[PDB]
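Breakdown of the fold
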Amino acid sequence: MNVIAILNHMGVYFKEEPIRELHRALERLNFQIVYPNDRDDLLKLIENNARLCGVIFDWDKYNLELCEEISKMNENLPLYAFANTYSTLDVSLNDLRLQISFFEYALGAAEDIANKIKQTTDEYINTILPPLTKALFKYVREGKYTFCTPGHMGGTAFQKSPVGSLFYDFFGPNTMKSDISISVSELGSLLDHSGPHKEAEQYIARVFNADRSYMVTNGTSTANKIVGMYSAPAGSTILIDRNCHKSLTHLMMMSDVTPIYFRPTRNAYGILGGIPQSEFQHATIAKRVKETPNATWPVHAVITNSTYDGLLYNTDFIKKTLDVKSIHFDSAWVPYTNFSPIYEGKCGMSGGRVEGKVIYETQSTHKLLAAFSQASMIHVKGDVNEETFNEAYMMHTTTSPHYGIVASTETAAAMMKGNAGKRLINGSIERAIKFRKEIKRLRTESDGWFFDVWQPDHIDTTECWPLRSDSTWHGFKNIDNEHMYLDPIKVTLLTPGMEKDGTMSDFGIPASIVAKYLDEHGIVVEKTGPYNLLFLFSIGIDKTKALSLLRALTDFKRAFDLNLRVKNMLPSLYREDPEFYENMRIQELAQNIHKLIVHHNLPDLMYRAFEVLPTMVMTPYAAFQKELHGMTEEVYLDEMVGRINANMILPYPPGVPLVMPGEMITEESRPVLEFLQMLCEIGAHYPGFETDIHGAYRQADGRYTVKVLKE
Amino acid sequence: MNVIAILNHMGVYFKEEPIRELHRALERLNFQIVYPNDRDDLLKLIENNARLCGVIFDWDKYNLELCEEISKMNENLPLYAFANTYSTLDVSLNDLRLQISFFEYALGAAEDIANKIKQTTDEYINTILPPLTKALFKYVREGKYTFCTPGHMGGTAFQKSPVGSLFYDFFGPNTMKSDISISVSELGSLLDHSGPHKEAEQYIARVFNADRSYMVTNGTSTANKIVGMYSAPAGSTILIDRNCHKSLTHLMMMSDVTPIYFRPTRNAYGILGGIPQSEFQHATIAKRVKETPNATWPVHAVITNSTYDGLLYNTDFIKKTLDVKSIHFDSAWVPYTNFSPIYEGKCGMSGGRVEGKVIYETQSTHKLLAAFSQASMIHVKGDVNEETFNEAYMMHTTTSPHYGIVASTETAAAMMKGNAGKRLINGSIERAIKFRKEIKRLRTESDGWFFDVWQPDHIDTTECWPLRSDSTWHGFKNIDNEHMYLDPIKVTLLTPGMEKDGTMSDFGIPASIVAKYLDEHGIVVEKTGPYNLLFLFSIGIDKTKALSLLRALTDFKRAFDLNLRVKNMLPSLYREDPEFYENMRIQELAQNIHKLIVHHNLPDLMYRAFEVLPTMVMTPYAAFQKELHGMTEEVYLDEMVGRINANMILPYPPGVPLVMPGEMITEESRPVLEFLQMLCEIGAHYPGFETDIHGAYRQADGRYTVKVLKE
Amino acid sequence: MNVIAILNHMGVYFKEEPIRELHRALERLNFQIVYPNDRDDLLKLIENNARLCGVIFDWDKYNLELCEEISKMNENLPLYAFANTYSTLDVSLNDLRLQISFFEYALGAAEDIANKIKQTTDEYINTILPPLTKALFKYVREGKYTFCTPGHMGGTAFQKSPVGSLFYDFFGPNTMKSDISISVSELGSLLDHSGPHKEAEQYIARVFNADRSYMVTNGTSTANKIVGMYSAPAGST
């Protein structure tokens, strides 16, 4: 905030020489001065920037509707109207409700005007800032010597070493002084929820429409642990989504709990869809309790809302009909929910306080909002035992947190209050929708093949487009109406190779080549399956990045039709093994990997492997207990049927836990083994496209091993 | 690295005009140029700075011993000797082993010389940098657009919001671009230990003399959890130090384990000393196993080495005689051990690979080294199940870590390789010893009272001064010889109020007033007890901070002898309740709090409360299980005998867990209740000195409550 | 390639002060900046020159047909359209098939834009250059000391003699460093047809529509000898 914009030169002297004196005084007060030519120049200057902290304009040539337009753009922005001809009498109430401060044109009075402008800018900065970030900035500005942890003590240890000086010159001084610990008593403490921290969690609670809100400093991988260790005591039972994270599996291995796994649907692409409506009612839950050993009525439920590919649920249905005392939504990919009414009825915090149960939501703030990594939140909705749940939160977090992460966690919510946050969210959603409309437009504009995007055939409104059973763009057969809602900002491109009914085509490009090409040209894809990409259109995405992406896709199309060699187009993949990719064209490589997928029948195996659940011999807690006692042997992959698995098997494709720790592959679940063997067989042909299975360990001969339990 | 220092002007032109042309070319290549006048100027310039990345000197007037001195100062520093009169023949081997590159005095050849200098500086930067920090800096320098998590995507979300722009202008761009996730495939992944990450853990393993080294991104509060969940399966038994952290208690509440608590000694000051030699042999361990219900032979041991006040152990004794299969050292306060031979035989990694057991050490890197917060390491020494322990490490850490913390964690070890790290550690230890010598000197120089420092009466050598049974400076009675070693850099000041034999004096100042005064004058104390301070003399401390601290102590002495009012001297404490501190002098306040300590007999109660162990009714895991089921009631403090505690009671003073979760205060442990009641009684008199007990909850009437279990 | 041409001054400030900051940053990055007045000025400037390596223009006052005309003039030339009023939606396929990179008008963001412009210019140079000339230019830019033939060794023998210095001042340094031999292993060898040389003869074979193409270094007076000594053995006709 040092940019203060003065409107145009009227022409007469008595209201220009005071303006030039104020210009000189403001430059003396370390303010950059910009000179927009007219009104629309000011509108564009304010929307394209954010460092602007003041507008000076004459109240004669520009009326007070150029206070209201800026108010629609930013409510808290100070503007400085200069009163010459309009008297006191010419002011309405709506002018008085805006951030304007009136001044006069007097020669030699520029010093007091500049001091008042500096004070107003300071008030604006101290108004828009959240309280803990405000206090941290104040503490760094009044920077005191310290004799406490951390050891760098304001980064003055990095000023006395060469590699330390490189680190210090990279990061800069303010992010070294911003790292302090709980010994600084004026900032309170995260662990005890005191002072500026307590004001921060109350601020987070207002913003996100939650009763009590927490600010985790390790991540939602730890927030899931906190929620599932509070609400699910040992010996109890949980309803965990099979579409889960590794963190929930880790939680189940720490705690002595027992699962019933929900059964999500999926298409031939490998996109993890959702649980049908039948598996949230009392009948199916009671049945699955009945045929699970050592199982009682579930006391907690964990649901991934949304999925990895951005499929929201009808959460009002869930909160009405799921008859458990605590429903947890692992909303790691949807933290931005409250800030656009598009997502109404699509999160745990949507709607009011539900009766008889506590709704948890564990937004991963760093993922889609603007926050530093390892930042997360736990929003609750209901009544919880305050000391027990506070102690459970204290149990998993560290004792001396990184205050940069905490300040970023709060500043992410502070970016969403007012009109600026609504403008951010609506701009991101509208930009995502416009990108979707041209990618379907360029599909019908181009010749031959082009990238498809997995979205409804007619989208033109800003809403979460519901997945209807009467349409076939999604691919989930016999899907329930109003249970799924596509998130517009998680754009999933598609590549040729798949037909609409689910069978495979002949000409195709698997998405690994497209992702590697985009990585070569300096744009990064989130994660790819066999024939899909994913692009997070968060609040950071502007039209520069969107156009560069669209124009990396087009250059890939041109380079693939021209059929350039692997050496020229993909040097990063060429360097994987130059002997192999020396005389190979890209069309031959794409055709070969596509034929390896087709002949081995990848999508049918990937479907039929996840439509059958492995037999739960013992709870994953018992599997971890037997793993700790050294009762694990590494049998080869083929002889794994009838054996209890000790470590989780997580195959890419698709990215969802296939075999849990403690489950047996029986003869009824042989397509699981066939899929694993097929994936190992196809991954050992072409370098750079190596097999990515978390749990299976590569040997030298080419056959993988899985840690199973001894007999 | 942009500072290149040229030595003096010889006087003749043919070796000055090429030097001026090289000056102009290097300024064209964005290098700051400094001009030391002579040799000693260069020596001082190099020791006082670290951004210097090159010395240009003439090989005639300055010999090659001004290459060896700089080599003793920095081994990798490039220097550029200019050869005029000494021929090829005048070079020895020791000159060739140094970082010198020879040049000549030619007119018009300054461009190639400047390009070679820039290339040599780039080689130097790429040499001293650790590999993962090097790759992260390279990735940010080649900064690519991204469509993946995190949501700010290079900080371009903070460039479009006012509070976001304040955050961005504070932190700066390079620490926003440095936050990326595992989707960037060229940096590998922390979780899978691949690529640049795997090179980083191998680099950490060399540096710290460990077999396998891990880099935790939550902190040693999570590293303790990782170690104690791998090595201690459920149903087993551990030997946990009573001088533990909150994190170890949290670990014991997560896991179904059973303790035998070691019994450390302590003095009247409240400093947590150490476990006697008798409690590490087989006889006492077998006895304490025998009188503990449901207890078997311990399979793991956790020892806080050093203590909070920097008392190292004779760890060779521990690793020889403690007959358990895994010994863990919670070395959160001593991470700098390998980098000075003072600490030989004083860590888990000291000495060779011990036979028959695995030694863990969990250095908190952010505490005393130069690293960002929430950074920690796990060094092992022995043979562990690689996949089981890797899975246990993966179990507690997040999945998308903050790469700034990881890069800082590795750069902290990279600051310690070579001669610069040895110079850092030796300079910090020597500065600590010199500060200790003048604080004892100023004690005998001043009039009346002065601050004492809890250290041996004769210290003049750079060693860990052993706590001898034939001396009484420490206060631990009947202490064992060569079991304790004072760390010189954890300086514990003392205030008047205590006599040498342990009884209380009449004139005294409790350390809270001194800490608050130092906080008023802008220097921060780590943590204080009743009459002691603590100052971490880490690698960040230079003589500026040390002199400012000594000269805040002296100004406090002058202001206390002059007896200034609380309003003028302590406005931050005045604002706590201006009605109470209006007409009170500092001598009256100090005398009143000292009399409250004396009349209530604080040190005798604090001693006798920790010399008696509360009765373990049930394991803390069972206490947490009963706490989760809502079986907890809040009885008042006085009626807590005979009741099983559900939450840990952590009173300040001193800062060590007094009552564990699941333990009963019996009639044999009534002084525990007397100490708690006394602390609550003395904390409810003077504002700003409020009672700090973690576990006891303040009520409105003034009597505290503790969550106990129902009957 | 250091000439980057910016189109005209619109008049409003929010898309001129970022342009002036980008001007200052590009001059800091050693780029000469030219200022064509209007569209036909740019057309004539591009046809009369070849050192131009970039056009910066606003996407509002000048449409995307002033990308297609430059494409007919030079296909690989990078141009930098600045997006203000036309949204994402206003782009056709023929625009996407051209060498344009889109930017925005933001104050204080000229450093990243200038770095991206420098990287795009480097990509353009490494795109239009043939591989062996690219590798030779790279080798001279990373100029290493040598102890092999030729004897001047980067022309440092001509820097130590008066007539040698006249020769060196005439020819200039880059054509002295460009004369090396087969001892530099990273450039391959002409005689054995390896590495960058082999890529060069394959490149010559594509260009001239021939199966196998050779690159003689004495002249076609020697190429005739090569052909007539291969195809015409002694005693034949």
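Residues numbered from 1 in each chain as written, not as in the entry; some residues may be left out. Chains lettered and ligands numbered in written order. Part of a larger assembly, values for the part shown. Heavy atoms only, no water. Residues with missing side-chain atoms left out of burial classes, pairs and counts.

The deposited coordinates, according to the entry record, derive from cryo-EM at 3.28 Å resolution.

This part covers the overall build of chain A. From N to C terminus, chain A includes 25 helices and 27 strands. For chain A, whose C-alpha radius of gyration is 29 Å, the value lies close to the compact-globule estimate of 27 Å for 711 residues. For chain A, the C-alpha atoms occupy an extent of roughly 95 × 65 × 60 Å along the three principal directions. (Helix = DSSP H or I, 4+ residues; strand = E, 2+ residues; numbered from the N terminus. Rg over C-alpha atoms; globule rule 2.2 N^0.38 Å.)

Turning our attention to the overall build of chain C. Within chain C, the regular secondary structure consists of 10 helices and 4 strands. Mapped from its N terminus to its C terminus, chain C presents α and β elements in the order β-α-β-α-β-α-β-α-α-α-α-α-α-α. Against the 2.2 N^0.38 benchmark of 18 Å for 237 residues, chain C shows a C-alpha radius of gyration of 24 Å, more extended than a compact globule. Along the first, second and third principal axes, the C-alpha atoms of chain C reach 80 × 50 × 30 Å. In chain C, of all internal contacts separated by at least 6 residues, the share reaching a separation of at least 24 is 63%. (Contact = heavy atoms within 4.5 Å.)

Attention shifts here to the interface of chain A and chain C. Contacts between the two partners involve 33 residues from chain A, matched on the other side by 29 residues from chain C. The junction of chain A with chain C conceals about 2,900 Å² of combined surface from both sides, 53% of it contributed by carbon and sulfur atoms. Among the residues chain A hides against chain C, the three largest losses belong to A:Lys543, A:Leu547 and A:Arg551. Together they make up 21% of the total. For the pair chain A and chain C, the number of links is 3 salt bridges. In this structure, the salt-bridge partner of C:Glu75 is A:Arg558, at a minimum N-O distance of 3.6 Å. (Buried area = accessible area lost by both parts, 1.4 Å probe. Salt bridge = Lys/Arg side-chain N within 4 Å of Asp/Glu carboxyl O.)

What follows is about the sheet that holds strand β3 (residues 52-58) of chain C. All names here are of chain C. Overall, parallel pairing links the 4 strands, which are arranged β2-β1-β3-β4 in an open sheet. Each of the sheet's edge strands pairs with one partner strand only, and the pair in question is β2 (32-34) and β4 (79-82). Averaged over all pairs of adjacent strands, the angle between their axes in this sheet comes to 20°, without regard to strand direction. In terms of strand pairing, strand β1 (residues 3-6) meets β2 through 3 bridges, oriented parallel. The residue of β2 that forms the bridge with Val3 is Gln32. (Pairing = 2+ DSSP bridges. Axes fitted to C-alpha atoms, helices over the stretch in contact; angles between N-to-C directions.)

Through backbone hydrogen bonds, the strands of a sheet pair up, either in parallel or in antiparallel fashion. In spatial order, the strands read β10-β16-β15 (chain B); together these 3 strands make up an open sheet with antiparallel pairing. What marks the edges here is a single partner per strand, and that holds for β10 (311-313) and β15 (465-466) of chain B.

Residue and element names in this part refer to chain A. With 6 of 6 residues buried, strand β13 (residues 376-381) lies mostly within the body of the structure. Residues of β13 alternate between two faces, with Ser376, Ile378 and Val380 on one and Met377, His379 and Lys381 on the opposite face, all of them buried. Relative to β13, strand β6 (residues 213-216) runs antiparallel, the two being bridged by 4 bridges. Bridging from a neighbouring strand, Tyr214 pairs with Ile378 of β13. Relative to β13, strand β12 (residues 358-361) is paired through 3 bridges, and the arrangement is antiparallel. Directly across from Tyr360, in β13, lies its bridge partner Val380. (Buried < 20%, exposed > 50% of the residue type's maximum accessible area, 1.4 Å probe, protein only.)

Now for a positive patch on the surface. Taken together, A:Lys160, B:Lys434, B:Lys437 and B:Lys543 make up a surface patch of like positive charges. Of note, B:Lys543 is situated in helix α19 (residues 543-562). (Patch = residues over 30% accessible without salt bridge, like charges linked within 9 Å, V, L, I, M, F, W, Y side chains within 5 Å. Areas by Shrake-Rupley, 256 points an atom, 1.4 Å probe, with all protein chains shown as cover. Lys, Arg positive; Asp, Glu negative; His and termini not counted. Charge placed at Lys NZ, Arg CZ, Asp CG, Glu CD.)

Bringing the interface of chain A and chain B into the picture now. Every contact between the two is made by 126 residues of chain A and, on the other side, 126 residues of chain B. The class makeup of the residues in the side of chain A that touches chain B is 60 nonpolar, 47 polar and 19 charged. Bridge analysis of strand β5 (residues 145-146) of chain A against strand β19 (residues 523-524) of chain B gives 2 bridges, and the strand direction is parallel. Residue A:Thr146 lies in a different strand from β19(B), and its bridge partner there is B:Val524. (Nonpolar A, V, L, I, M, F, W, Y, C, P; charged D, E, K, R; others polar.)

A few words on the side chain of A:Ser350. Residue and element names in this part refer to chain A. Turning to its location among the elements, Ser350 is positioned in the loop between β11 (326-329) and β12. Assessed through its relative accessible area of 7%, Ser350 is described here as buried. Within the structure, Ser350 has its side chain in polar contact with the backbone oxygen of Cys347 (distance 2.6 Å). In this structure, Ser350 is in contact with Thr315, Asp316, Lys319 and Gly345, ignoring residues within four places of it in sequence. (Polar contact = N/O pair within 3.5 Å; in protein donor to acceptor, adjacent residues only side chain to side chain.)

In this description, a pair of aromatic rings is defined by centroid distance and the angle of the planes. Residues and elements named next belong to chain A. Under the criterion given, the structure shown has 83 aromatic pairs over all chains. Geometrically, the ring pair formed by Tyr517 and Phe556 is tilted, given 5.5 Å between the ring centres and 40° between the ring planes. A residue pair is termed long-range when its members are at least 10 positions apart, and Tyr517 in helix α18 (residues 511-520) and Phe556 in helix α19 (residues 543-562) qualify at 39 residues. With a relative accessible area of 1%, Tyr517 lands in the buried category. Aromatic ring contacts, followed pair by pair, group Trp449, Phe450, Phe451, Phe507, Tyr517, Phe556 and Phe560 into a single cluster. (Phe/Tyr/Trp six-rings, centres within 6.5 Å; stacked < 30°, edge-to-face > 60°.)

Attention shifts here to the packing of α19(B) against helix α22 (residues 586-600) of chain B. All names here are of chain B. Between α19 and α22, the least distance of the axes is 8 Å, while the angle of their chain directions is 95°. Taken as axis vectors, α19 and α22 run roughly perpendicular relative to one another. Contacts between α19 and α22 involve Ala559, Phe560 and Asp561 from the former and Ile586, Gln587 and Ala590 from the latter. (Parallel < 35°, antiparallel > 145°, perpendicular 65-115°, else oblique.)

For the rest of this paragraph, the subject is the relation of the copies chain A and chain B. Superposition record for chain A on chain B: RMSD 0.0 Å, screw rotation 180°, translation along axis 0.0 Å. Expressed as a symmetry operation, the mapping of one chain copy onto the other fits a two-fold axis. Closest approach to the rotation axis within chain A is made by the C-alpha atom of A:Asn218, at a distance of 2.9 Å. In this assembly, 99% of the residues forming the interface of chain A have copies in chain B that are likewise at the interface, indicating an isologous arrangement. (Least-squares fit on C-alpha atoms.)

Residues and elements named next belong to chain A. One pass over the full model with this rule turns up 73 salt bridges over all chains. The salt bridge involving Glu582 is made with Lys567; its shortest N-O contact spans 3.4 Å. Of the two residues, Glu582 is situated in the loop between α21 (571-574) and α22 (586-600) and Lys567 in helix α20 (residues 566-569); the sequence distance between them amounts to 15 residues. The same class applies to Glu582 and to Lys567, which are both buried.

Residue and element names in this part refer to chain A. Between its terminal C-alpha atoms α19 stretches 28 Å, which fits the 28 Å expected from 20 residues at 1.5 Å a residue. Within α19, 16 of the 20 residues are buried, leaving the element largely enclosed by the surrounding structure. Of the residues one or two after α19, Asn563 is the one with positive phi, at around 60°. (Expected span 1.5 Å × (residues − 1).)

What follows is about unusual backbone geometry. Look at the link from A:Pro653 to A:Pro654: it is a cis peptide, with omega at -5°. Inspection of the secondary structure assignment puts A:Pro654 in the loop between β23 (650-652) and β24 (663-664). With an omega dihedral of 10°, the bond running from B:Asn305 to B:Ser306 counts as a cis peptide bond. The backbone of B:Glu482 sits at a positive phi, close to 50°, despite the residue not being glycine. For B:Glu482, a relative accessible area of 51% gives the class exposed.

The subject of this paragraph is the packing of helix α1 (residues 17-28) of chain C against helix α5 (residues 110-128) of chain C. All names here are of chain C. Two elements in contact, α1 and α5, have axes separated by 9 Å at closest approach and are oriented at 50°. Taken together, the axes of α1 and α5 lie oblique to each other. The chirality of how α1 crosses α5 is right-handed. In contact with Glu21, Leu22, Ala25, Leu26 and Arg28 of α1, α5 contributes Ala110, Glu111, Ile113, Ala114 and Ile117. Along the lines of polarity and charge, the residues of the contact of α1 with α5 split into 7 nonpolar, no polar and 3 charged. (Left-handed = near helix turned anticlockwise from the far one by under 90°.)

What follows covers a negative patch on the surface. Together, A:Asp192, B:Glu576, B:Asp577, B:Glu579, B:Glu690 and B:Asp692 line one region of the surface with negative charge. Along the chain, the position of B:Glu690 falls in the loop between α25 (670-682) and β25 (692-694).

Here the focus is helix α24 (residues 620-628) of chain A. Taken across its 9 residues, α24(A) has 7 buried, putting it largely inside the fold. Residues of α24(A) that are buried in the fold lie against α11 (246-254), β8 (258-262), β22 (632-636) and β27 (705-709) of chain A together with α10 (220-230) and α15 (386-396) of chain B. Where α24(A) terminates, the next one or two residues include A:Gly630, which has phi positive at roughly 75°.

Here the focus is the environment of B:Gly630. You can see B:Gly630 is positioned in the loop between α24 (620-628) and β22 (632-636). Using a relative accessible area of 36% as the deciding quantity, one classes B:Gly630 as partly exposed.

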